[PDB]
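One-letter residues, chain by chain:
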Amino acid sequence: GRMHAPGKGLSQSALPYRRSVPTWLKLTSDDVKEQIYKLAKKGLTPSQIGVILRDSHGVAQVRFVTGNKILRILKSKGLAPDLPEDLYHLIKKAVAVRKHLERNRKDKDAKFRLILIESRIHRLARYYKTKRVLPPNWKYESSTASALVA
Amino acid sequence: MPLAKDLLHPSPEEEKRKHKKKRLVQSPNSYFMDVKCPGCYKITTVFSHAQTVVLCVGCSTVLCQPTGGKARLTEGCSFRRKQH
Amino acid sequence: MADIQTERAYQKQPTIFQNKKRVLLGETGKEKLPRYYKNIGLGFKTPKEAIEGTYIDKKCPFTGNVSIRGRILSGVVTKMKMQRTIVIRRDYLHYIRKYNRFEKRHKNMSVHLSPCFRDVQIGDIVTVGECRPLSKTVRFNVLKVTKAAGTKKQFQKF
Amino acid sequence: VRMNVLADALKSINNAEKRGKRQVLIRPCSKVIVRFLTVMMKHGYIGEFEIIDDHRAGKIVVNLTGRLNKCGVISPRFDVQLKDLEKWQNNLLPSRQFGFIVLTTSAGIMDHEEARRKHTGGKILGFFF
Amino acid sequence: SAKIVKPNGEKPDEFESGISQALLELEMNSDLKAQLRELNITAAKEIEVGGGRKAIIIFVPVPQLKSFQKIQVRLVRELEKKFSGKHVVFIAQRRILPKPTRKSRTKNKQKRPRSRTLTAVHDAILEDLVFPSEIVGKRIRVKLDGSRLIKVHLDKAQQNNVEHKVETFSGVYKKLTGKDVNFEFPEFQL
RNA sequence: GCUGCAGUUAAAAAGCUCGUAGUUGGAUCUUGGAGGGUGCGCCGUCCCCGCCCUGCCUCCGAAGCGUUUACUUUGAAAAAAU
């Protein structure tokens, strides 16, 4: 449990059974797909769209009120961006750590951590690449990564 | 563990004490509510634990702030659950 | 295409003769080259490219003078560095009782590749057939290109 | 993590019976677990079992008597050649007479007696007595 | 008549004719017409309940079902009343595709959709047999005699529409799959 | 020491982690009645088998013909001596 530490911690959603519902849920597929697309226009991530939808407006899972996961909705509209979001936030994080390490060459902890993050990235990309999402030959490079994430 | 339980029919009380993931067949331990604020008359559905500010339909109001867990509903507010 | 003929010697299929001749249209005649082909057998369709093509390849199983007899093998294409020949990697299982698990093992096999086949690209699974010694290394000839855009890891199209 | 799921179910059982327990909840279950639980059942080594349906992978409740000394799993699932079945049952069964080696063959998950009668063979799953 | 609504590749008749007529009888009306009109049915089959009140099973195209779901309760109420002495319900014809063998042959026929598997279909049948309730959970019991019984948990609220039915759902289910089904009630998380 | 070893203190877990090869990988897609072998004195006891309480298409054979395998099963091909 956990990949780059000794943490054990079980923690989760616990998703609901009930096949159908919510029932007290009116609205419609129409409604929330519009909602999703408009939010994604604003630049929001699918994680973020799912959260804000969840808490502000009734959507227990977007899957259930519409037979599609948020990312698939985005991609079908034409909102999907270049690399998958998890990969993004990893690359971005390794960037911020890299910038901090250039500033503070004396921080060995940071150097260790940068490695960890980076390994997590390379493996994830290996997975995305295996699966077409990323063009075979995709790689993450410090040099270009900075320029990539923004 | 005295060679006595009906693992298949366990009690609702001690099922209700257990971790959401440890439940006989799993299920969550979180809920939804309708929330009031007199000035408006319509009602926003809200999730028990929430992260987002939740604001009402029109009035820039408030409607809880988030926490480690359950959203703290704000002062003068009311809330029926509730469904199925 | 690319001019074949390329070399210094005139490439031709043996004993398949010409004779162009006088009068009008064509002119001589339109195809200008009689072409001879055959099916390998074993139910390997002789691809259109062979019949349609200009290329010479004596080594070709369809167009050339080579017979396919013997083992028919399949392998994955590891290399297509050499002109008209490829290297395929053959995986096989080795059984070791003395205590019993056998360990994957492989062999590479050099095999001639007719210009009739194209898109011979590394990764492609291919079916080659035994043949008379073509070259000191090469025992086989590519008979069928098994293919697949599949292996998805990308999206092939048509 | 997990390589196999059977091995957990079997172990869980064995520790239940060792305690003096009469029921267990195994997780997460599979077609193969069912099939194995079933062969056990036909023979008496367990009572009735029940697959509960979480919207996930399943959870089984087995009610056990106490005729069970041991139900083991063999890993890896070695291939067996009809006269390696004779060699297996001797390796791991109490007397020639009883206990079953249960394997998976092209023609079904079966105890080796049923195997001998059908006259088919395959890869070894596990055992009991 | 027979031609329109009892179609789905066979005309036919008798009961299908009666029920169709009943639908028309309902059709005269207001909002209790126009909403239905679109709905259409493939066929009806009749199968009984053990002492002897029969249950009538109706088959639907599947793209239709959302609308049928729309009415359902009101319609079923009408069909039970007009056609009394029968338990009416609604099942959607689903295709089911065989798992390929091997030598089944296999000319790699287009994949197929889980949304085509025999188990998934059966699950759908269970889902269809009961209605607005919801199936809360399920369990499978292995009987000493190599038998298996499926315990299908049910919700609680609004169940009454189904309560009297239960036995027929069991029998109906059997006719379709050949498996045995049983029903239960819950609990309410606290 | 595969079957079938030991490694807290006896001889033996690298100071720690990342990590490629290699190995290893969750759940989930089909559902009694008689025929034949050997025991016991016309009767039966105890296996084994198709059943009750599933190759498509081409259009019986033929052919098309295989989605790939590994596996396992049934055959042939399998030097004599040993």
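Residues numbered from 1 in each chain as written, not as in the entry; some residues may be left out. Chains lettered and ligands numbered in written order. Part of a larger assembly, values for the part shown. Heavy atoms only, no water.

### Here we look at unusual backbone geometry
1) Next: Cis rather than trans, the peptide bond between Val21(A) and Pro22(A) has omega equal to 5 degrees.
2) Next: Mapped onto the elements, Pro22(A) comes out in the segment before α1 (29-41).
3) Next: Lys82(B) follows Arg81(B) through a cis peptide bond whose omega is -20 degrees.
4) Next: If you trace the backbone, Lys82(B) turns up in the segment after β2 (44-47).
5) Next: Positive phi outside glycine occurs at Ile96(E), with the angle close to 55 degrees.
6) Next: Following the sequence through the fold, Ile96(E) ends up in the loop between β3 (86-92) and α5 (118-129).
7) Next: On the accessibility criterion, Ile96(E) (31% relative accessible area) is partly exposed.
8) Next: Positive phi is not limited to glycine here, since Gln158(E) has a value of about 65 degrees. (Helix = DSSP H or I, 4+ residues; strand = E, 2+ residues; numbered from the N terminus. Buried < 20%, exposed > 50% of the residue type's maximum accessible area, 1.4 Å probe, protein only.)

### Looking at the environment of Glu141(A)
Residue and element names in this part refer to chain A.
1) Next: Positionally, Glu141 belongs in the loop between α6 (108-130) and α7 (142-149).
2) Next: Look at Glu141 and you get partly exposed, because its relative accessible area is 37%.
3) Next: Separated by 34 residues in sequence, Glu141 and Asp107 have C-alpha atoms that sit 22 Å apart.

### Details of the protein's contact with RNA strand F
1) Next: Of all residues adjacent to RNA strand F, which total 38 residues, the nearest are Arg117(D), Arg105(E), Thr106(E), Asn108(E) and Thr117(E).
2) Next: In RNA strand F, the atoms that sit within 4 Å of the protein are 74% sugar and phosphate, with bases accounting for the remainder.
3) Next: The separation between a phosphate oxygen of RNA strand F and a polar main-chain atom of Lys31(D) is 2.8 Å.
4) Next: Interatomic distance of 3.0 Å between a backbone N/O atom of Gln81(D) and a phosphate oxygen of RNA strand F.
5) Next: Elements with a contribution of two residues or more to the surface near RNA strand F: α6 of chain A together with α5 of chain E.
6) Next: With five residues, α6(A) is the single largest residue contributor to the surface near RNA strand F.
7) Next: Class assignment for the residues of the surface near RNA strand F results in 14 nonpolar, 11 polar and 13 charged. (Near = heavy atom within 4 Å. Polar contact = N/O pair within 3.5 Å; in protein donor to acceptor, adjacent residues only side chain to side chain. Nonpolar A, V, L, I, M, F, W, Y, C, P; charged D, E, K, R; others polar.)

### Observations regarding the domain arrangement of chain D
Residues and elements named next belong to chain D.
1) Next: Looking at the assigned domains, one finds that chain D contains domain 1 (1-68) and domain 2 (69-129).
2) Next: Here the C-alpha centre of domain 2 lies 19 Å away from the C-alpha centre of domain 1.
3) Next: Its largest share of buried area at the contact with domain 2, domain 1 owes to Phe36, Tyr45 and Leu68, together 35% of the area lost on that side.
4) Next: Inspection of the region where domain 1 meets domain 2 yields zero salt bridges. (Domains from an automatic or database assignment. Buried area = accessible area lost by both parts, 1.4 Å probe. Salt bridge = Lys/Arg side-chain N within 4 Å of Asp/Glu carboxyl O.)

### Looking at the packing of α5(E) against helix α7 (residues 166-177) of chain E
All names here are of chain E.
1) Next: With their axes 11 Å apart at the nearest point, α5 and α7 run at an angle of 155 degrees to one another. Between α5 and α7, the angle is such that the two are roughly antiparallel. Considering how the two elements wind past one another, α5 and α7 form a crossing that is right-handed. Contacts between α5 and α7 involve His122, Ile125, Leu126 and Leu129 from the former and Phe169, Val172, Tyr173, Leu176 and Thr177 from the latter. (Axes fitted to C-alpha atoms, helices over the stretch in contact; angles between N-to-C directions. Parallel < 35°, antiparallel > 145°, perpendicular 65-115°, else oblique. Left-handed = near helix turned anticlockwise from the far one by under 90°. Contact = heavy atoms within 4.5 Å.)

### Description of the nonpolar core
1) Next: Counting 40 residues, the largest nonpolar core has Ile26(D), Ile33(D), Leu37(D), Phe49(D), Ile60(D) and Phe128(D) as the members making the most contacts within it.
2) Next: Looking at this core, the elements that each hand over two or more residues are α1 (6-19), β1 (23-26), α2 (31-43), β3 (59-63), α3 (85-92), β4 (100-105), β5 (108-111) and β6 (122-128) of chain D.
3) Next: If you tally residues by element for this core, the top one is α2(D), at six residues.
4) Next: If you count residues domain by domain, this core takes at least three from each of domain 1 (1-68) and domain 2 (69-129) of chain D.
5) Next: Residue contacts for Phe49(D): discarding those within four places in its chain leaves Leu37(D), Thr38(D), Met41(D), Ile60(D), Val61(D), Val62(D), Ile140(E), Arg141(E) and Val142(E).
6) Next: If you look at the next biggest cluster of nonpolar residues, it comprises 37 residues, including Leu79(E), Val88(E), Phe90(E) and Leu154(E). (Core = buried A, V, L, I, M, F, W, Y, C linked by side-chain atoms within 4.5 Å.)

### Focus on the interface of chain E and chain A
1) Next: Contacts between the two partners involve six residues from chain E and, on the opposite side, five residues from chain A.
2) Next: Of the roughly 490 Å² buried between chain E and chain A on both sides combined, carbon and sulfur atoms contribute 38%.
3) Next: Counting across the interface, chain E meets chain A through zero salt bridges.
4) Next: In terms of residue count, strand β4 (residues 135-142) of chain E provides more of the side of chain E that touches chain A than any other element does, four residues in total.
5) Next: Classifying every residue of the side of chain E that touches chain A gives two nonpolar, one polar and three charged.

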